[PDB]
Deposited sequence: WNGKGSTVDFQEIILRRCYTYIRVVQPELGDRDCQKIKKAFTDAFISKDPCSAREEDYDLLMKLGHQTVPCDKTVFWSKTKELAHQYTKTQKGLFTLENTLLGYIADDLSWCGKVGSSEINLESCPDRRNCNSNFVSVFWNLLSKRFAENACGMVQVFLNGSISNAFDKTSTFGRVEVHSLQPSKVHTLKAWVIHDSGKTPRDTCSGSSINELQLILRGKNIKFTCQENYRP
């Protein structure tokens, strides 16, 4: 395949990360069991066709790793990726899986280090489905005021094809989320390629006004 092979020692890595999370990152959740989680993660894809992944294969995992973050604390970053606030990667599941690569193989009781199909090889691969589902859940459990950081140095800070624009924004619950604030970051070093007054951000605004959800956009250098 074209995608990265599984991360070596994948099992050990997620086991470690998980504990470090429930005893230090958010002691708030020391009640959870890491070995149980690791088993579910692995059971979800091991020895399976790497292009047959379904959201359902992660039910067990999403159940054992569920966690609702404080309202007003939910934050989104769209392609700007490069305190006491939760972004998808700061949650339990996003935390341990972050930056890792994984996929099984029919007939194999282990991970495939050689290669894994990426989204362009097949959309239904285990890494994409995972992240796609995590994002969906993260957006559905958002309450109060949500935020999203966009890059003012690119032509279209708000992309309708990104995870945020095609998945997350639409999964926000109007009944739980009343306002969405967008921050367009600008480098004092260059002029804005896109601003709050652009058509890209207007596309986001229309999405939100359709659901009567309040929207605001501000520009920051920092």
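- Numbering the deposited sequence from 1, one finds several regions with no C-alpha coordinates, namely 83-91, 232.
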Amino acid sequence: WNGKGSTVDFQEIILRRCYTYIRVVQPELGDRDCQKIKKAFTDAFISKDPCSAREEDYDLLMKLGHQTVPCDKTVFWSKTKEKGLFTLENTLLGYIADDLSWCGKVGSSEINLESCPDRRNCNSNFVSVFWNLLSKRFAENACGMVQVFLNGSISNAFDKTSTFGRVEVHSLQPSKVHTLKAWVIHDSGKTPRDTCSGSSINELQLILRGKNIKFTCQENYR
From here on, numbers count along this sequence of modelled residues.
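- In this entry, the higher average B-factor at the C-alpha atoms falls on 184-192, of the pair 184-192 and 51-59.
- On average the C-alpha atoms of 9-17 have higher B-factors than those of the other stretch, with 197-205 and 9-17 being the two compared.
- Based on the entry's C-alpha B-factors, the most elevated value among 178, 38, 170, 160 belongs to 38.
- Residue-level inspection of the entry shows that, of 74, 135, 121, 78, 78 has the top Cα B-factor.
- Ranked against the other modelled residues of its chain, the C-alpha B-factor of residue 215 as given in the entry falls in the middle third.
- The entry lists a Cα temperature factor for residue 146 that places it in the middle third of the chain's modelled residues.
- The PDB entry assigns residue 92 a C-alpha temperature factor belonging to the highest third of its chain's modelled residues.
- Per the deposited record, the Cα B-factor of residue 30 falls in the highest third when ranked against the other modelled residues of its chain.
- The PDB entry assigns residue 65 a C-alpha temperature factor belonging to the highest third of its chain's modelled residues.
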